[PDB]
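These notes concern the structure reproduced below.
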Amino acid sequence: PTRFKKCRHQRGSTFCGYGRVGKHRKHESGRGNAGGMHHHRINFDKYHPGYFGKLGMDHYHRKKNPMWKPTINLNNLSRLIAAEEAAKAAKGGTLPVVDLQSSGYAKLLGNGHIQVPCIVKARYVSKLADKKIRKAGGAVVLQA
Amino acid sequence: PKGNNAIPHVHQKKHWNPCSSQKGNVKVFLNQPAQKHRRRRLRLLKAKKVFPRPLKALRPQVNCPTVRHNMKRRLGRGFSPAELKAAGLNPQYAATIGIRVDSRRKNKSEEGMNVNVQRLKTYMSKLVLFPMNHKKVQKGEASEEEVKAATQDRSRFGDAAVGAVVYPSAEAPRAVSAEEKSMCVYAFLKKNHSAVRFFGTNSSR
RNA sequence: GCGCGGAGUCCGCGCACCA
RNA sequence: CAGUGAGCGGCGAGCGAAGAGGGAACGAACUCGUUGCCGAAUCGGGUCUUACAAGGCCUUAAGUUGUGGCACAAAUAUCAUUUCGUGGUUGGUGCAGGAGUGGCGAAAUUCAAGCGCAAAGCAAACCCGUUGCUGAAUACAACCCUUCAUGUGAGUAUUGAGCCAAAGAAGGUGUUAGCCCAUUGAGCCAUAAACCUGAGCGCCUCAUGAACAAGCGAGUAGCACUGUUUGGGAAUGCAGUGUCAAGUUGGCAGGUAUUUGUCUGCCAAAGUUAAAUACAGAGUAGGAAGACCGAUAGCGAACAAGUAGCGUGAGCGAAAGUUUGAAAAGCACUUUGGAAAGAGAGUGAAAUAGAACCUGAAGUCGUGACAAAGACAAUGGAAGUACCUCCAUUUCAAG
RNA sequence: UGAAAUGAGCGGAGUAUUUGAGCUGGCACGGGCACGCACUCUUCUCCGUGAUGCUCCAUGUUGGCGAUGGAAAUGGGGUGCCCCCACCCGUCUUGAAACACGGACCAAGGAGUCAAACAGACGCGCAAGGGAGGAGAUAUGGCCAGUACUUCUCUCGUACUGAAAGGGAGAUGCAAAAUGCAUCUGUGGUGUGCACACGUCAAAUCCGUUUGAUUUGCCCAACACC
RNA sequence: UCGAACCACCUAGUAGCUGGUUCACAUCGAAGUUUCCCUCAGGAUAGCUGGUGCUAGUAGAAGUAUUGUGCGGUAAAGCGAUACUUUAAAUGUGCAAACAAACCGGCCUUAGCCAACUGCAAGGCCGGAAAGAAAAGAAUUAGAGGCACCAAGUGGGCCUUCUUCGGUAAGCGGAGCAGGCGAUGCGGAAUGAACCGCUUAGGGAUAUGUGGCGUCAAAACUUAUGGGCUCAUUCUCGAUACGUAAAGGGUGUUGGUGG
RNA sequence: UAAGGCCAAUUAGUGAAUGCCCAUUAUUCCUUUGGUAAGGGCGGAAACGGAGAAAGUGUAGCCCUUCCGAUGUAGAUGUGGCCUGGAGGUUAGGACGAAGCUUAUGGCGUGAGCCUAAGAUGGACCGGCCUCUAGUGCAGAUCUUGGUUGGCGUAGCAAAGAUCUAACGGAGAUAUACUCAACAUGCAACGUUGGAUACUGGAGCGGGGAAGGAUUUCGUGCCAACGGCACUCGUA
RNA sequence: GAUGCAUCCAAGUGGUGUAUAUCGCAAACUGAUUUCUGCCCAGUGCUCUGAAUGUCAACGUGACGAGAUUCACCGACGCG
RNA sequence: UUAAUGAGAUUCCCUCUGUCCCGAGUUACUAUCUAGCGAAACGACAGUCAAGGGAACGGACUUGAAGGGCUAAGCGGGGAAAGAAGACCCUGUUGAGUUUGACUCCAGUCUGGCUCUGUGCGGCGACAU
RNA sequence: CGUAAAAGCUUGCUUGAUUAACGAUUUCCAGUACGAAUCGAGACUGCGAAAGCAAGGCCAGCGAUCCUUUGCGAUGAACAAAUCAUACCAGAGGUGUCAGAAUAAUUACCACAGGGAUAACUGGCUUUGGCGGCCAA
RNA sequence: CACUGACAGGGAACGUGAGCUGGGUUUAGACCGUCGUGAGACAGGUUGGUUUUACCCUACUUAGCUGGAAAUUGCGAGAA
RNA sequence: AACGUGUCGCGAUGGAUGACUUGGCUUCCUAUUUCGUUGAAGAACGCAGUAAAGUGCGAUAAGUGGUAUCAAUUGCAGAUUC
Ligand SMILES: [K+]
Ligand SMILES: [Mg+2]
Ligand SMILES: [Mg+2]
Ligand SMILES: [Mg+2]
Ligand SMILES: [Mg+2]
Ligand SMILES: [Mg+2]
Ligand SMILES: [Mg+2]
Ligand SMILES: [Mg+2]
Ligand SMILES: [Mg+2]
Ligand SMILES: [Mg+2]
Ligand SMILES: [Mg+2]
Ligand SMILES: [Mg+2]
Ligand SMILES: [Mg+2]
Ligand SMILES: [Mg+2]
Ligand SMILES: [Mg+2]
Ligand SMILES: [Mg+2]
Ligand SMILES: [Mg+2]
Ligand SMILES: [Mg+2]
Ligand SMILES: [Mg+2]
Ligand SMILES: [Mg+2]
Ligand SMILES: [Mg+2]
Ligand SMILES: [Mg+2]
Ligand SMILES: [Mg+2]
Ligand SMILES: [Mg+2]
Ligand SMILES: [Mg+2]
Ligand SMILES: [Mg+2]
Ligand SMILES: [Mg+2]
Ligand SMILES: [Mg+2]
Ligand SMILES: [Mg+2]
Ligand SMILES: [Mg+2]
Ligand SMILES: [Mg+2]
Ligand SMILES: [Mg+2]
Ligand SMILES: [Mg+2]
Ligand SMILES: [Mg+2]
Ligand SMILES: [Mg+2]
Ligand SMILES: [Mg+2]
Ligand SMILES: [Mg+2]
Ligand SMILES: [Mg+2]
Ligand SMILES: [Mg+2]
Ligand SMILES: [Mg+2]
Ligand SMILES: [Mg+2]
Ligand SMILES: [Mg+2]
Ligand code: NA
Ligand code: NA
């Protein structure tokens with residue numbers, strides 16, 4: 001809203017906060033990102049290290065669908081089991097079955113302590129996650 | 001003075017703004033509600049015109065491509081001639097009773113074909129075909145009672161009498177088996193990946 | 001930098017040129 | 001998807017898309033050439049059928065240097081006919097109903113109180129209250145007092161009773177209107193063709209549905225050089241010249257060049273095609289609006305505006321609301337003046353509303369009264385005093 | 001002007017009280033005590049009124065003027081005069097009253113805006129999740145270009161790292177395995193560190209409790225070293 | 001209209017340069033300097049300033065002393081030449097002065113040192129002590145420590161005191177330390193950005209600072225019951241600092257030393 | 001016999017700390033405003049001099065008491081801070097006179113401003129409060145457009161020699177208050193005809209044409225504007 | 001000496017000196033008559049001759065390699 | 001070097017004269033006064049001096065000297081008078097005209113290859129043989 | 001500046017002038033980089049009987065991105081082989097205007113935005129050159 | 001050179017351009033020398049080349065009218 | 001004295017402000033919606049009882065014919081389903 005701006009407060013102050021000596025001129029530094037290697041070098045180097053140069057191999061026609069690969073951790077598995085099966089679950093008995101690719105996940109990672117044992121179906125799994133879930137009493141089944 | 005800000009890339013350096021010297025290059029959406037109203041009005045009028053035929057033709061169920069959308073399902077363009085022959089239908093006749101035909105699509109697996117054959121049979125069991133001549137009824141055509149009790153399916157997808165796309169069922173709970181407790185699958189997965197990855201170098205030597 | 005001569009060095013000639 | 005952990009870029013400034021996913025639309029598909037089987041079965045022109053018929057008869061006119069028919073991936077095969085039907089998109093004659101278009105078409109007070117001042121108020125949420133009650137305008141009119149006078153336009157305003165609403169929704173009418181006027185439905189009438197209706201319904205003519213072994217588009221595609229364009233990077237598309245194929249055992253595409261094997265998708269070099277999309281200084285016939293501008297604004301233009309006017313010309317381009325009043329009732333007549341006008345008289349609520357006539361600011365000027373005042377430029381600050389004051393407030397007797 | 005007068009000053013009670021000056025009887029001070037430390041003259045003393053009053057305002061004496069008016073009085077406004085004071089505004093500039101630029105008068109107009117990307121601060125909703133957009137559906141067929149409803153998708157985030165092929169994070173105990181084993185109510189440790197709990201200390205208090213400091217336990221947020 | 005005509009359009013061309021930029025009060029309040037830049041009439045960067053806070057309110061405080069303990073080669077002094085240097089100040093400058101610290105004895109651990117450890121090094125645990133820092137001149141405080149975030153103006157300076165380098169000198173150029181003006185009036189020096197005094201909400205009373213007390217002009221209505229000295233004739237005796245005349249003469253007058 | 005220059009006093013060998021004058025400084029008193037501000041009251045005691053008494057950033061501040069600071073260019077920030085056009089709500093006003101305009105009309109506010117009075121002004125709309133919104137505040141830009149203004153009845157209207165006279169025409173005169181024969185109280189200027197005097201001087205202020213112009217040509221009227229003086233006249 | 005020299009034009013069976021033809025046409029310098037117009041070819045210009053292989057471009061030829069390539073040989077004005 | 005020619009540049013002589021010594025008198029039209037008509041430029045506010053200090057050349061400030069008001073004709077000392085965002089000089093990562101043995105290029109001109117492009121006869125080669 | 005059985009001179013043997021897991025630090029300083037320098041841990045060594053000393057000649061002697069090129073040990077996205085290209089790490093080719101554009105004249109025919117931040121003229125300050133005086137000489 | 005008693009030196013925005021003049025200096029035209037490949041340069045020479053406005057304020061020169069001692073008022077009274 | 005200065009009452013010149021709005025600007029929608037040799041768009045000249053511009057029209061010229069309405073047009077004249 002216009003009634004809250006600083007121009008309203010500056011009506012009557014002839015210079016509007018830009019000074020008498022150095023004024024409000026058009027483009028006193030150049031336009032845009034000009035000068036990044038000459039007269040704005042300090043700002044560029046102090047706040048954006050790494051900006052200039054080249055690195056690594058090229059990849060001409062990138063498709064993200066064949067690289068799709070979301071991950072979920074062991075101590076987050078209860079997000080995918082409904083609350084009625086979670087309490088009934090117990091090691092050495094009947095366990096809920098979680099299908100990762102239908103919930104939008106491809107890989108199971110092994111961070112933390114698992115809370116509800118279960119059978120997990122996944123495309124990929126890490127070795128520590130596999131070991132941990134087997135020790136806790138569940139299993140991993142590979143899918144595609 | 002510039003401080004610590006992101007380096008800007010705002011891309012507005014062509015003559016896009018209309019002014020005294022430029023026509024501009026701009027697109028606004030101020031007619032959006034009026035166009036919404038107009039489209040709905042046209043749909044209702046068209047339904048009344050084609051009564052009692054359904055507003056939308058019958059379409060098959062297909063699988064989405066790529067490894068990201070592998071697990072989804074949707075409606076495709078039309079039924080393949082192989083599915084139509086499995087259902088017992090001349091494609092040229094099927095085009096006249098509100099079935100879409102697509103001669104480009106192939107059937108590479110049995111289950112995808114079975115689903116669509118079942119769709120076609122469910123539809124054919126509920127079709128009510130009106131006679132060409134009110135005087136004489138030939139073969140499988142409706143009598144006059146059905147012409148009296150004829151209705152229009154105005155559903156957004158034309159799936160009233162075949163239903164929506166079906167999905168694979170969900171596995172029920174079960175117990176963990178002995179071999180599953182016994183050995184991991186990580187090594188098996190890594191072995192398959194390494195076999196494919198180092199194929200060629202393992203075979204030249 | 002490239003070719004010719006004449007006593008890797010030098011001497012001439014004609015050509016080449018994105019740190 | 002994506003201002004992109006693609007990519008292009010003195011790798012600087014900057015630039016910059018595609019496949020997949022949710023949707024809009026969708027009765028969406030067809031025609032030549034070629035191959036095989038036929039071979040004038042085709043076209044034009046006369047003439048006759050209610051007819052320049054997709055019909056008969058005649059025509060060398062065109063055409064065999066090829067018009068036309070049948071079959072080919074949604075296919076199962078060539079012919080063979082007579083049966084029942086079908087076609088309002090064969091042509092000729094008729095006959096309806098609808099939509100559209102144009103006209104016609106609704107309610108309730110000019111209800112009761114009268115004029116400067118009660119056609120105005122008070123009774124403290126609601127009820128009392130259909131009830132009560134009551135006058136500080138015995139007015140005002142320019143220094144003060146007496147005498148004579150003169151002074152209120154039109155009730156859509158107030159107050160009291162009452163009606164209509166499936167209509168309260170804006171506009172007009174001499175001040176602010178549901179009931180003064182127009183408008184608004186229900187419904188009625190009239191239509192050249194076209195459009196919609198068991199692909200509306202009859203006749204005549206004319207068509208015709210179902211049972212009964214080879215091939216696929218050549219100065220083309222590609223390649224070399226040059227130029228240009230693209231995010232396209234040992235070359236994304238295109239253009240010029242040189243060079244110039246293959247034969248479905250084939251060819252093209254699979255985003256890093258070459259040679260060699262695999263695998264996947266597709267079949268260029270001929271053609272037609274609705275809807276969903278644009279209208280960034282168009283137009284025709286109608287409509288609906290706005291937290292926009294309000295006559296130096298808003299289009300240059302609210303007006304005889306692309307006008308008057310300017311320039312040899314291409315071109316350039318204003319100012320200006322006519323807003324007197326409810327109504328012209330637009331000042332008869334007398335008197336001075338050559339006239340314009342003046343002084344009287346009259347209309348009107350109002351003439352200080354008298355014709356470019358509502359309101360009528362600032363700045364500048366005239367006139368009457370008053371205050372003073374040397375040359376100290378004027379203006380200005382502070383603190384008093386002389387004179388004035390259409391201003392305010394407080395006090396008048398026991399205070 | 002006494003609407004709580006705190007007074008050596010206003011009240012009640014008596015005549016004494018105790019301040020100094022002279023003069024008086026162990027240690028100190030100096031080589032005796034000028035009179036340090038301890039045990040007659042000269043002045044007035046003791047006692048009293050809390051706020052059931054949180055705040056504001058209302059209280060003497062004697063004259064002049066004012067008895068309803070072309071009144072009196074106080075304040076404001078106008079104009080002249082006297083004494084004193086006092087360089088022309090805006091601007092650039094180290095420096096303007098400047099012989100530095102702009103400046104005859106008045107009216108109306110006249111200059112930090114709209115969009116898009118990012119960030120910080122503040123307000124609001126939800127939270128390991130948050131939120132669309134486009135579009136549809138039906139209330140819905142001037143009101144109605146609004147409001148009410150919606151899937152399954154998309155996007156940002158819950159995980160990072162490598163040029164890339166790729167890989168991918170708990171604790172404790174035993175143990176030493178180049179994928180060890182066992183438990184699962186749990187800050188990986190150390191130093192500094194709100195509040196709360198347990199005791200102590202000092203100050204005040206109709207005196208039952210406050211105001212500070214401090215020991216021990218656990219330490220939330222946070223910082224430092226591992 | 002010509003060292004490139006005229007008309008319309010791209011075009012509101014770009015401008016580190018010149019001009020302008022519209023209401024009030026309140027709380028705070030600068031800089032002309034550093035580094036880099038085809039960088040010198042411009043920027044970015046740190047500093048100075050405002051806003052917002054976070055954190056256990058006296059803490060890890062100080063443009064200042066004292067005591068203890070380190071650093072120094074200028075002034076002065078001296079003798080290369082005919083100022084270099086043994087010596088050596090004043091004014092400075094670094095560190096410390098009991099609550100995450102240091103002192104006294106258990107013990108644990110180290111694939112640290114040592115011939116070895118009951119020694120040494122390091123990290124911890126358990127205990128003790130604690131004028132919480134005496135006396136000897138033996139500190140003081142209008143003395144609450146630390147940590148972030150966001151952003152403005154400025155990057156032409158100038159004057160003075162004491163040091164100074166260049167220059168014959170300059171109201172000239174270049175520097176060091178501090179205070180000022182710029183950004184600020186008020187009271188004084190007749191007048192003056194910077195001198196002297198004092199630094200500012202709107203008003204009374206009392207008393208002062210700098211400067212004054214013959215009139216102008218407030219104050220000795222020309223004070224004293226204080227002492228000396230001075231006479232000057234065309235710019236002229238003299239008389240408020242900062243601020244705008246020398247050698248040499250004089251029996252003019254007043255005194256001092258030695259002869 | 002300083003009102004000069006050096007020194008020294010404070011009413012003078014009498015006997016005891018300050019002769020006098022002047023600040024936006026110092027001390028003190030009153031009022032405002034703001035704080036890194038500091039305390040207290042806020043269950044209506046009862047009865048019946050006056051009223052009030054809000055758990056509170058900011059106000060006409062909830063009410064008392066107390067202490068300290070207050071200037072400032074460029075610049076930052078705050079404000080139950082002021083003002084203008086329009087929207088959603090709410091509450092009012094107006095023909096017994098809305099907006100606009102005028103002022104020796106006072107009152108309120110530190111101020112931006114707000115409100116009342118009078119109009120011997122006007123003739124139909126509009127005010128307060130809470131939210132929302134913007135083409136939202138002028139003294140100056142050799143600023144834009146309109147209108148005024150001193151200079152000023154001024155500078156000037158000086159090449160091309162020049163007119164005079166009578167009669168007629170015309171409102172354009174011979175235009176008078178007392179007194180007065182006439183002068184000293186109606187000036188100046190014009191068209192036509194006659195007469196006089198001059199000029200152009202045949203490379204002409206003679207008579208016909210082209211370019212350019214387009215009714216300016218003719219007659220009768222008229223004299224507002226135009227013919228930089230004038231008109232009874234005109235290419236008006 | 002016209003198959004020309006100078007030269008316009010985006011272009012063509014396009015245009016100008018040229019309706020011409022060396023006593024002509026095109027491009028420069030000096031500036032009547034009279035009397036004269038010296039020396040310098042080093043530089044820079046202009047102009048003329050060959051070494052067929054001094055040097056080079058595309059094209060062309062041969063060899064190596066599975067091929068993209070790589071190497072060698074040839075190569076006109078001009079320059080020297 | 002040159003006769004003749006020249007609104008070309010220079011020096012001397014004769015004639016002549018208000019060019020001068022050294023100014024005086026006269027005319028016509030103005031100015032001046034009147035009737036009619038009637039502008040502009042410029043315009044912060046204004047308008048007496050001496051000395052002082054000051055952005056070091058004051059109308060306004062400090063201390064002194066003058067100064068009654070209103071007018072006509074002249075005049076050129078001052079108003080650092082008016083006229084125009086200094087044409088000199090410098091600055092800017094501002095122009096344009098012109099030059100070349102400046103950087104980067106384009107027409108034009110010449111030269112090679114391929115092509116347009118046919119039919120016979122010889123000669124010299126090179127690859128096979 | 002420092003150094004005397006040496007840091008100078010002669011002599012014997014040598015290559016620590018190599019490599020050095022991205023250790024920390026100083027100078028400039030924004031507490032960025034570059035150049036130079038200090039204290040280190042590991043490998044392999046030199047000299048010496050030994051303790052030790054040595055990763056140049058103490059202190060000036062040097063250089064980003066992109067591109068080219070050499071040394072050392074993953075990719076070319078439907079697969080596979082051999083070439084070719086590319087990638088991570090470490091050096092080398094250079095910017096002397098040295099925190100790093102690829103750059104010749106002239107205008108008197110001249111232009112624009114500005115500058116008293118800056119010259120040519122008066123004025124001010126200071127000196128100049130003028131110019132003779134005053135004591136002694 | 002000549003006269004004379006004598007032919008001293010200075011200041012006033014290096015007094016004095018809306019007072020004049022315009023020879024010099026300082027635009028554009030043109031010639032020479034030297035310099036420069038060249039366009040052009042020369043603190044070297046030469047010839048030719050628009051000099052605008054006062055009617056305002058003050059000052060000065062002359063020319064008119066007219067108030068006034070509380071220097072316009074108080075009645076506020078001072079005689080060379 | 002006069003000229004000049006200041007204040008108040010009343011007049012002139014001037015055309016601001018307020019209220020008014022058949023105009024502008026901006027957004028959205030609906031169609032048997034797209035000119036011309038069968039002579040368009042544009043340009044010129046004319047037409048009324050009275051007629052300069054503007055509007056309408058074309059020698060049938062401020063209009064002929066048809067359908068629907070139902071008593072005007074209007075400055076002045078002129079003259080019911082005609
Ligand atoms: K005159
Ligand atoms: Mg300010
Ligand atoms: Mg700036
Ligand atoms: Mg600056
Ligand atoms: Mg690379
Ligand atoms: Mg900064
Ligand atoms: Mg335009
Ligand atoms: Mg055919
Ligand atoms: Mg094909
Ligand atoms: Mg081809
Ligand atoms: Mg391009
Ligand atoms: Mg097509
Ligand atoms: Mg307009
Ligand atoms: Mg009027
Ligand atoms: Mg100033
Ligand atoms: Mg993350
Ligand atoms: Mg001309
Ligand atoms: Mg602009
Ligand atoms: Mg421009
Ligand atoms: Mg400015
Ligand atoms: Mg302050
Ligand atoms: Mg400047
Ligand atoms: Mg300044
Ligand atoms: Mg001061
Ligand atoms: Mg006195
Ligand atoms: Mg207070
Ligand atoms: Mg302040
Ligand atoms: Mg505005
Ligand atoms: Mg204004
Ligand atoms: Mg005259
Ligand atoms: Mg004459
Ligand atoms: Mg004559
Ligand atoms: Mg006239
Ligand atoms: Mg003058
Ligand atoms: Mg004159
Ligand atoms: Mg080592
Ligand atoms: Mg390179
Ligand atoms: Mg200067
Ligand atoms: Mg108006
Ligand atoms: Mg078209
Ligand atoms: Mg007409
Ligand atoms: Mg006809
Ligand atoms: Na507006
Ligand atoms: Na030469």
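Lettering follows sequence order; numbering is per chain, from 1. Just the heavy atoms: all of them, side chains too, but no hydrogens, waters or symmetry mates, feed the values below.
Using a 4.0 Å heavy-atom cutoff across all strands shown, B:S204 reaches no nucleic acid atom at all. Nucleic acid contact class of B:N31 (heavy atoms, under 4.0 Å, all strands): sugar-phosphate only. Counting any heavy atom pair closer than 4.0 Å across all strands shown, A:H24 reaches a base atom. Using a 4.0 Å heavy-atom criterion, one finds that A:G53 contacts the sugar-phosphate atoms exclusively. Within the nucleic acid shown, B:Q92 comes within 4.0 Å of at least one base atom, counting heavy atoms only. Nucleic acid contact class of B:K106 (heavy atoms, under 4.0 Å, all strands): sugar-phosphate only. Counting any heavy atom pair closer than 4.0 Å across all strands shown, B:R74 reaches sugar-phosphate atoms only and no base atom. Looking at heavy-atom distances under 4.0 Å, A:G112 makes contact with a base. Within the nucleic acid shown, B:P18 has no heavy atom closer than 4.0 Å to any nucleic acid atom.
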N/O to N/O distances under 3.5 Å, protein versus nucleotides 161-165 of chain E:
from, atom 1, to, atom 2, distance (Å)
E:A163, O2', A:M57, N, 3.3
E:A165, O2', B:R197, NH1, 3.4

Please list each protein N or O that sits under 3.5 Å from an N or O in nucleotides 25-27 of chain D, with the distance.
from, atom 1, to, atom 2, distance (Å)
D:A25, OP1, B:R43, NH1, 3.1

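Base pair annotation for D:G311 with J:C34: unpaired, by the Watson-Crick or G-U wobble rule (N1-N3 plus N6-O4 or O6-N4, or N1-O2 plus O6-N3, under 3.5 Å).
Atom CG of A:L108 sits about 8.0 Å away from atom CG of A:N73, to the nearest 0.5 Å.
Between A:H113 and E:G170, a base-stacking contact is recorded: ring centres under 5.5 Å apart, planes less than 30° from parallel.
Between E:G112 and E:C126, the distance separating the two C1' atoms is 38 Å to the nearest Å.
When rounded to the nearest whole Å, the span between CD of A:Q10 and P of G:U77 equals 8 Å.
Nucleotide I:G113 shows a positive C1'-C2'-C3'-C4' value and thus a north, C3'-endo-like sugar.
Remark: A:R8 is not in phosphate contact with E:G112, judged by side-chain N or O atoms under 4.0 Å from OP1 or OP2. The phosphate of D:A74 (OP1 or OP2) has no side-chain N or O of B:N90 nearer than 4.0 angstrom. Put simply, B:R41 has no side-chain N or O that comes within less than 4.0 Å of OP1 or OP2 on E:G141.
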### Summary
Scoring nucleotides 176-182 of chain E by protein non-hydrogen atoms under 4.0 Å (B base, S sugar-phosphate only, - none) yields ---B-SS
